[PDB]
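Position 91 (the sequence shown) corresponds to 91 in the entry's author numbering; numbering is contiguous.
Don't be surprised by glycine CBs; every beta carbon is placed ideally from N, CA and C.
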Amino acid sequence: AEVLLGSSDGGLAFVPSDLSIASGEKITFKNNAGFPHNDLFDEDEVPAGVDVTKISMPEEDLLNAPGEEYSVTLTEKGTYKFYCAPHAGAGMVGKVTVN
Ligand SMILES: [Cu+2]
């Protein structure tokens, strides 16, 4: 699955912000517009047994340019919430469900 970081007209969102994949699918977050962005999983909203540090970009790493991306494969079933640090207050938050 592919997720865009920022919308064509600079809007501060994940596109799409709600996705469902199957266990073992790869999500590739691609830097699109409205830089900079990053991807952090919410420690409170992840399936028990998921290690957040293993699955997240460090909160301070940022993608500042086109072509930059972040890939992660999720295996545990259930719902994970994620956000973009710089834009958390702007509502750039999303959610994946692994089936
Ligand atoms: Cu962002």
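- Query: Do you know offhand how far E25's Cα is from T75's?
  - Reply: Whole-angstrom Cα-Cα distance: 8 Å.
- Task: Return the residue from the list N99, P66, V72 and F82 that minimises the CA-CA distance to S7.
- Result: Cα-wise, what sits closest to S7 is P66.
- Message: Closer than 7 Å between the C-beta and any heavy atom of ligand 1: which residues qualify, listed along the chain?
- Response: In chain order, the hits are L5, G6, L12, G34, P36, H37, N38, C84, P86, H87 and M92.
- Query: Thinking C-alpha only, which one of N32, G34, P36 and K54 is nearest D42?
  - Reply: The shortest C-alpha separation from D42 is found at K54.
- Status (buried if at least 16 other CB within 10 Å, exposed otherwise) for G49: By the 16-neighbour rule on beta-carbons within 10 angstroms, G49 is exposed.
- Task: Throw me the rounded Cβ distance for the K95 and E69 pair, which I believe falls under 8 Å.
- Result: Cβ-Cβ separation between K95 and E69: approximately 19 Å, too far for a contact (criterion under 8 Å).
- Message: Looking at the secondary structure, which residues open and close the alpha helix (DSSP H) in which residue 113 lies?
- Response: No statement about residue 113 is possible, as the shown extent of the chain runs from 1 to 99 and does not include it.
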